[PDB]
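K.L.:
One structure, as structure tokens, below. Some questions next.
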Amino acid sequence: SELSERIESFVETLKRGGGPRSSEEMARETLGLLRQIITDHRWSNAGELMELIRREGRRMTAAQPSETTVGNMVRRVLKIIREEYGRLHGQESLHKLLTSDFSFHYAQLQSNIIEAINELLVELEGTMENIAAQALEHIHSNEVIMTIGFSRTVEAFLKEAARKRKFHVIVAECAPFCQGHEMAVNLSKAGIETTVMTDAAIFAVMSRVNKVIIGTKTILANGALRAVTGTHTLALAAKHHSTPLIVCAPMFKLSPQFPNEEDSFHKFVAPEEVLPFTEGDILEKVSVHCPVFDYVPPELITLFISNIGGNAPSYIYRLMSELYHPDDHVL
Amino acid sequence: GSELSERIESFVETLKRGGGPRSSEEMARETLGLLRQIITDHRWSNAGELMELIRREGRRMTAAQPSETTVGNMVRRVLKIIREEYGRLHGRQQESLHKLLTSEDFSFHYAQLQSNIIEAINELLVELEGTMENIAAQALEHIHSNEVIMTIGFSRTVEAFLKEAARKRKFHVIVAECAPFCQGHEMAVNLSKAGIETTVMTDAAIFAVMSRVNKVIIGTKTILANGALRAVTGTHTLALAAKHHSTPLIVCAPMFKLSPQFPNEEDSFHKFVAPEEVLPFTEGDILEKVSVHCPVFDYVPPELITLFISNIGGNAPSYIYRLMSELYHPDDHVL
């Protein structure tokens with residue numbers, strides 16, 4: 001019952017508040033939990049294993065829809081299972097239509113699944129290092145960069161680029177949770193000549209910014225972004241001034257979902273962050289809304305930097321085909 | 001008398017043959033002096049006869065070199081001055097709805113007229129003296145610290161603008177040479193002598209460098225009726241790149257470069273010169289079949305222009321229609 005209590009603790013942590021702060025920690029925890037589910041649970045065929053994984057994935061995704069990394073890991077494990085079963089047993093395209101199965105047992109499938117999960121974890125470990133390594137090809141000397149909020153990938157990007165180049169960074173605090181101050185302090189401690197501003201100044205100073213480098217929470221199927229609130233205005237200003245918008249996002253933040261799906265997209269938190277409880281009687285008559293995430297259309301994004309290199313949003317669909325099976329979108 | 005005719009012939013021959021005077025300010029001053037001499041050293045009875053004489057002289061001077069719009073601008077300014085003086089000293093405009101809802105002759109010689117006109121012309125000449133300094137004085141309210149300015153060709157007004165701004169602030173200026181007459185090198189070295197930290201490049205790199213440029217400050221040869229520009233070649237591309245990157249485009253141009261004509265005279269708009277500058281005569285037999293065109297001016301639509309800086313201050317391209325309505329009379333456009 002150790003696995004059951006681990007699953008319950010994970011679900012409760014997802015529901016109440018994020019234990020693993022970094023998304024990489026969440027992905028690693030999900031992968032470890034899925035590995036324990038595969039090993040400990042007793043299954044004969046591949047189909048029953050897939051349906052079990054689907055059940056726990058549905059529970060975990062229902063725990064917190066905004067946290068898409070859990071669902072991404074579940075779907076990656078499902079595609080790994082499908083690929084291994086196909087390899088040990090014997091893609092919607094025009095070629096397939098013109099040219100032209102579970103419930104079979106294979107004893108050695110489990111070891112292949114386990115080793116595939118292990119190599120997936122190994123790849124997961126070094127994503128930020130790869131992004132930082134390729135950072136130096138996009139920053140030139142005496143450049144001006146703009147960042148919104150706090151993202152570890154972007155700060156690693158900038159700190160690796162700062163070892164050989166001198167550039168200016170402008171960080172806009174992400175109100176109400178003003179986490180841009182922490183990133184600005186961290187970058188200033190590395191001597192990167194940073195500046196702190198509020199969101200309201202973004203369009204005021206974008207005319208003097210050479211390029212924008214941002215992180216994200218989720219990349220959708222069409223190349224759209226689920227980012228921190230205020231990123232849509234940032235992208236609109238960048239498009240207005242034609243400054244390139246670079247998104248430093250690893251491959252596990254890539255979700256096969258589409259924008260218009262149940263409208264449970266943004267995450268709404270207590271209005272105490274926006275309007276304090278000490279205002280008084282006016283709070284009876286005032287509707288306060290505090291979204292924490294924002295939708296960014298794919299046409300406002302210039303480039304995607306990931307552990308496999310640089311890509312355009314127009315190619316994102318292909319990265320969907322190589323990662324998730326079309327029958328695992330619904331989960 | 002005879003000396004006036006000799007001066008007129010010399011002026012028209014200098015206009016139609018080559019350069020002279022060097023600067024547009026000097027050309028405007030010479031045109032105004034010639035017009036003053038015509039007004040004084042000639043006998044006319046009515047104001048209409050003086051207007052007809054000025055019309056004939058201006059027609060000849062503009063036919064000498066249509067690309068030099070400053071001569072026509074001075075002629076039309078003198079005609080407007082004559083109209084204003086006759087109206088003020090005879091009775092007590094601009095074809096508005098107000099005049100249409102509330103409902104001429106230029107005879108009746110009045111003795112006090114002529115002298116008054118001369119005075120007005122002198123006033124005009126006075127504001128020709130401090131025009132460049134007036135434009136340059138307001139450079140410190142458009143340049144901020146560590147800015148990146150970009151310029152095309154050689155412009156004395158822009159040179160004075162930047163040299164006055166550099167006395168109290170540090171900024172970077174990129175000059176794109178205006179091929180074939182690479183006059184941007186002279187402006188670049190002139191700015192470098194003032195320690196403005198200037199960069200030189202060919203004007204094929206305008207779009208590549210526009211991504212790192214904060215403001216574009218350029219001169220012009222003529223401002224058209226709708227706010228359009230007749231500028232050196234490559235200015236239309238520069239404006240297009242600035243509009244693509246939404247970098248503000250500032251035009252530093254005096255008030256005597258305003259021409260009441262519209263861009264529908266496209267045939268004579270550009271000044272086509274010998275193709276020797278583009279393709280040398282030493283190419284050989286291929287010159288027999290190749291068509292080479294070397295325009296020195298091009299048309300910039302008003303929608304690509306952000307601001308107009310002149311000796312009367314800053315303005316938007318949407319207000320140009322008013323300024324010319326205060327400078328020229330509608331019946332004097334055709335001349």
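Identifiers for the structure tokens are assigned positionally: chains receive A, B, ... in sequence, residues are indexed from 1 per chain, and ligands are indexed from 1 in the order shown.
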Within 7 Å of residue 299 (chain B), counting only C-alpha atoms, which residues show up once you throw out same-chain ones fewer than 5 positions away? Write them as a ChimeraX atom specification, please.
P.N.:
/B:229-231,236
K.L.:
Please produce a file of those selected residues containing N, CA, C and O atoms, as an mmCIF file, in the first residue's frame.
P.N.:
```cif
data_model
loop_
_atom_site.group_PDB
_atom_site.id
_atom_site.type_symbol
_atom_site.label_atom_id
_atom_site.label_comp_id
_atom_site.auth_asym_id
_atom_site.auth_seq_id
_atom_site.Cartn_x
_atom_site.Cartn_y
_atom_site.Cartn_z
ATOM 1 N N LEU B 229 7.154 63.264 -48.671
ATOM 2 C CA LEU B 229 8.520 63.750 -48.800
ATOM 3 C C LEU B 229 9.077 63.442 -50.179
ATOM 4 O O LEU B 229 8.840 62.363 -50.728
ATOM 5 N N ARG B 230 9.821 64.394 -50.731
ATOM 6 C CA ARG B 230 10.717 64.146 -51.855
ATOM 7 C C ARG B 230 12.124 64.146 -51.272
ATOM 8 O O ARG B 230 12.685 65.204 -50.982
ATOM 9 N N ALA B 231 12.691 62.960 -51.084
ATOM 10 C CA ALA B 231 13.952 62.831 -50.368
ATOM 11 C C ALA B 231 14.972 62.126 -51.245
ATOM 12 O O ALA B 231 14.683 61.734 -52.375
ATOM 13 N N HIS B 236 12.833 56.055 -48.906
ATOM 14 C CA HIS B 236 11.598 55.280 -48.850
ATOM 15 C C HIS B 236 11.831 53.925 -48.197
ATOM 16 O O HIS B 236 11.024 53.475 -47.377
#
```
K.L.:
Using only C-alpha atoms, find the residues of chain B whose closest atom to chain A is at most 9 Å away, then write them as number ranges by chain.
P.N.:
B: 147, 211-214, 244-247
K.L.:
Can you pull out the residues contacting residue 152 (chain B)? Cut-off 7 Å, using only C-alpha atoms, and skip same-chain residues under 4 positions away; I want them as a ChimeraX atom specification.
P.N.:
/B:175-178,184,218
K.L.:
Can I get the selection written as an mmCIF file, in the first residue's frame, with N, CA and C atoms?
P.N.:
```
data_model
loop_
_atom_site.group_PDB
_atom_site.id
_atom_site.type_symbol
_atom_site.label_atom_id
_atom_site.label_comp_id
_atom_site.auth_asym_id
_atom_site.auth_seq_id
_atom_site.Cartn_x
_atom_site.Cartn_y
_atom_site.Cartn_z
ATOM 1 N N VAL B 175 25.396 56.271 -40.007
ATOM 2 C CA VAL B 175 25.165 56.960 -41.269
ATOM 3 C C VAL B 175 25.244 55.937 -42.392
ATOM 4 N N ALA B 176 24.171 55.847 -43.170
ATOM 5 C CA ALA B 176 24.134 55.010 -44.359
ATOM 6 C C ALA B 176 24.486 55.867 -45.567
ATOM 7 N N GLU B 177 25.565 55.505 -46.256
ATOM 8 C CA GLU B 177 25.976 56.243 -47.441
ATOM 9 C C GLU B 177 24.882 56.190 -48.501
ATOM 10 N N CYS B 178 24.698 57.305 -49.205
ATOM 11 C CA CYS B 178 23.626 57.425 -50.190
ATOM 12 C C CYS B 178 24.220 57.231 -51.583
ATOM 13 N N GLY B 184 27.224 60.452 -47.416
ATOM 14 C CA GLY B 184 27.170 60.116 -46.007
ATOM 15 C C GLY B 184 28.528 60.020 -45.353
ATOM 16 N N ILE B 218 16.169 62.297 -40.241
ATOM 17 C CA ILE B 218 16.546 62.502 -41.631
ATOM 18 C C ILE B 218 16.168 63.910 -42.062
#
```
K.L.:
One number please: CA of residue 148 (chain A) to CA of residue 265 (chain A), in Å, one decimal.
P.N.:
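Going from CA of residue 148 (chain A) over to CA of residue 265 (chain A), I get 19.8 Å.
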K.L.:
Please indicate the distance in Å from CA of residue 46 (chain A) to CA of residue 125 (chain A), rounded to one decimal place.
P.N.:
27.9 Å
K.L.:
Quick check for you: according to DSSP on this backbone, which residues of region 73-298 of chain A are classed as strand (DSSP E)? Reply as a ChimeraX atom specification.
P.N.:
/A:144-148,168-172,194-197,211-214,218-219,225-228,245-248,293-296
K.L.:
Write the residues of the preceding selection, restricted to N, CA, C and O atoms, as a CSV table (one decimal), in the first residue's frame.
P.N.:
```csv
chain,number,residue,atom,x,y,z
A,144,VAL,N,20.0,44.3,-25.3
A,144,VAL,CA,19.0,44.6,-24.3
A,144,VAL,C,18.0,43.5,-24.3
A,144,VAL,O,17.3,43.3,-25.4
A,145,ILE,N,17.8,42.8,-23.2
A,145,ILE,CA,16.8,41.7,-23.1
A,145,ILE,C,15.7,42.1,-22.2
A,145,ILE,O,16.0,42.9,-21.2
A,146,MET,N,14.5,41.6,-22.4
A,146,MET,CA,13.4,41.8,-21.4
A,146,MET,C,12.8,40.4,-21.0
A,146,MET,O,12.7,39.5,-21.8
A,147,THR,N,12.5,40.3,-19.7
A,147,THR,CA,12.0,39.1,-19.1
A,147,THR,C,10.8,39.5,-18.3
A,147,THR,O,10.7,40.6,-17.7
A,148,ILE,N,9.9,38.5,-18.2
A,148,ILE,CA,8.7,38.7,-17.4
A,148,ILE,C,8.7,37.5,-16.3
A,148,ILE,O,8.9,36.4,-16.7
A,168,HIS,N,22.4,44.1,-21.1
A,168,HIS,CA,21.5,44.7,-20.1
A,168,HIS,C,20.2,43.8,-20.1
A,168,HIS,O,19.7,43.4,-21.2
A,169,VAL,N,19.7,43.6,-18.9
A,169,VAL,CA,18.4,42.8,-18.7
A,169,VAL,C,17.4,43.7,-18.0
A,169,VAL,O,17.8,44.4,-17.0
A,170,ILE,N,16.2,43.7,-18.5
A,170,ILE,CA,15.1,44.4,-17.8
A,170,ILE,C,14.0,43.4,-17.4
A,170,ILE,O,13.5,42.7,-18.3
A,171,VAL,N,13.8,43.3,-16.2
A,171,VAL,CA,12.8,42.3,-15.6
A,171,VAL,C,11.6,43.1,-15.2
A,171,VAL,O,11.7,44.0,-14.4
A,172,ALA,N,10.4,42.7,-15.7
A,172,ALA,CA,9.1,43.2,-15.3
A,172,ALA,C,8.5,42.3,-14.2
A,172,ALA,O,8.4,41.1,-14.4
A,194,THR,N,21.2,44.5,-14.4
A,194,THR,CA,19.8,44.3,-14.5
A,194,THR,C,19.0,45.5,-14.0
A,194,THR,O,19.6,46.4,-13.4
A,195,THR,N,17.8,45.6,-14.4
A,195,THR,CA,16.8,46.6,-14.0
A,195,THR,C,15.5,46.0,-13.7
A,195,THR,O,15.1,45.0,-14.3
A,196,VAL,N,14.8,46.6,-12.7
A,196,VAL,CA,13.5,46.1,-12.3
A,196,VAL,C,12.4,47.2,-12.6
A,196,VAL,O,12.6,48.3,-12.3
A,197,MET,N,11.3,46.7,-13.2
A,197,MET,CA,10.2,47.6,-13.5
A,197,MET,C,8.9,46.9,-13.3
A,197,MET,O,8.9,45.6,-13.1
A,211,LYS,N,15.5,42.3,-27.9
A,211,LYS,CA,14.7,41.0,-28.0
A,211,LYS,C,14.2,40.7,-26.6
A,211,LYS,O,14.7,41.1,-25.6
A,212,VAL,N,13.2,39.8,-26.6
A,212,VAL,CA,12.5,39.3,-25.4
A,212,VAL,C,12.7,37.8,-25.3
A,212,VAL,O,12.4,37.1,-26.2
A,213,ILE,N,13.2,37.4,-24.1
A,213,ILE,CA,13.4,36.0,-23.8
A,213,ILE,C,12.5,35.7,-22.6
A,213,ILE,O,12.6,36.3,-21.5
A,214,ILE,N,11.6,34.7,-22.7
A,214,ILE,CA,10.6,34.4,-21.7
A,214,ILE,C,10.6,32.9,-21.6
A,214,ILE,O,10.9,32.1,-22.4
A,218,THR,N,3.2,25.9,-20.3
A,218,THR,CA,2.7,24.9,-21.2
A,218,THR,C,2.7,25.4,-22.6
A,218,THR,O,2.4,26.5,-22.9
A,219,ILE,N,3.1,24.5,-23.6
A,219,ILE,CA,3.1,24.8,-25.0
A,219,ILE,C,2.0,23.9,-25.6
A,219,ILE,O,2.0,22.7,-25.4
A,225,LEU,N,0.9,29.4,-26.2
A,225,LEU,CA,1.6,29.4,-24.9
A,225,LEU,C,0.6,29.6,-23.8
A,225,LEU,O,-0.4,30.4,-23.9
A,226,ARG,N,0.8,28.9,-22.7
A,226,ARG,CA,0.2,29.2,-21.4
A,226,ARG,C,1.3,29.7,-20.5
A,226,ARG,O,2.1,28.9,-20.1
A,227,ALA,N,1.3,31.0,-20.3
A,227,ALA,CA,2.4,31.6,-19.6
A,227,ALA,C,1.8,32.4,-18.4
A,227,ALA,O,0.7,32.3,-18.0
A,228,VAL,N,2.7,33.1,-17.6
A,228,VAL,CA,2.3,33.9,-16.5
A,228,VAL,C,1.5,35.1,-17.0
A,228,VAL,O,1.6,35.5,-18.2
A,245,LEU,N,10.6,37.4,-30.2
A,245,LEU,CA,10.2,36.8,-28.9
A,245,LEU,C,10.7,35.4,-28.9
A,245,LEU,O,10.3,34.5,-29.6
A,246,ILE,N,11.6,35.1,-27.9
A,246,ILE,CA,12.3,33.8,-27.8
A,246,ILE,C,11.7,33.2,-26.6
A,246,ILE,O,11.5,33.8,-25.5
A,247,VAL,N,11.3,31.9,-26.7
A,247,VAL,CA,10.7,31.1,-25.6
A,247,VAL,C,11.6,30.0,-25.3
A,247,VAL,O,11.8,29.1,-26.1
A,248,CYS,N,12.2,30.0,-24.1
A,248,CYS,CA,13.1,28.9,-23.7
A,248,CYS,C,12.3,28.0,-22.8
A,248,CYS,O,12.1,28.2,-21.7
A,293,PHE,N,-2.5,32.7,-15.0
A,293,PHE,CA,-2.0,32.3,-16.3
A,293,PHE,C,-2.7,33.0,-17.4
A,293,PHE,O,-3.8,33.5,-17.3
A,294,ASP,N,-2.0,33.0,-18.6
A,294,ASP,CA,-2.5,33.8,-19.7
A,294,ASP,C,-2.2,33.0,-21.0
A,294,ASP,O,-1.2,32.3,-21.1
A,295,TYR,N,-3.1,33.2,-22.0
A,295,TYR,CA,-3.0,32.5,-23.3
A,295,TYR,C,-2.3,33.4,-24.3
A,295,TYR,O,-2.7,34.6,-24.5
A,296,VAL,N,-1.3,32.9,-25.0
A,296,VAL,CA,-0.5,33.6,-26.0
A,296,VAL,C,-0.7,33.0,-27.3
A,296,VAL,O,-0.3,31.8,-27.5
```
K.L.:
Nearest residue to residue 329 (chain A) out of A:159, A:138, A:76, A:59, using only C-alpha atoms?
P.N.:
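Of all the options, A:76 lies closest to residue 329 (chain A).
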K.L.:
Give me the residues near region 127-131 of chain B as JSON, numbers by chain, where near means some atom within 9 Å (using only C-alpha atoms) and where sequence neighbours in that chain fewer than 4 positions away do not count.
P.N.:
{"B": [25, 28, 29, 122, 123, 135, 136, 254, 255, 256, 310, 311, 312]}
K.L.:
Save the residues we just selected, C-alpha atoms, as an mmCIF file, in the first residue's frame?
P.N.:
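Writing the result to out03.cif gives the following:
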```cif
data_model
loop_
_atom_site.group_PDB
_atom_site.id
_atom_site.type_symbol
_atom_site.label_atom_id
_atom_site.label_comp_id
_atom_site.auth_asym_id
_atom_site.auth_seq_id
_atom_site.Cartn_x
_atom_site.Cartn_y
_atom_site.Cartn_z
ATOM 1 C CA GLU B 25 19.085 78.264 -47.441
ATOM 2 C CA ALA B 28 16.159 80.656 -50.925
ATOM 3 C CA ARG B 29 18.023 83.824 -49.934
ATOM 4 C CA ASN B 122 12.876 91.576 -45.359
ATOM 5 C CA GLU B 123 11.087 89.977 -42.411
ATOM 6 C CA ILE B 135 15.613 73.914 -35.412
ATOM 7 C CA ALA B 136 18.790 72.881 -33.578
ATOM 8 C CA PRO B 254 12.708 74.135 -42.375
ATOM 9 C CA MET B 255 9.467 75.852 -43.382
ATOM 10 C CA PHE B 256 10.721 76.992 -46.801
ATOM 11 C CA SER B 310 10.859 72.872 -38.079
ATOM 12 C CA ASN B 311 11.781 76.361 -36.905
ATOM 13 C CA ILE B 312 8.208 76.771 -35.595
#
```
K.L.:
Quick one: residues within 10 Å of residue 24 (chain A), only C-alpha atoms counted, chain neighbours fewer than 3 positions away excluded, as a PyMOL selection string?
P.N.:
chain A and resi 20-21+27-30+69+124-125+127-128+250+252-253
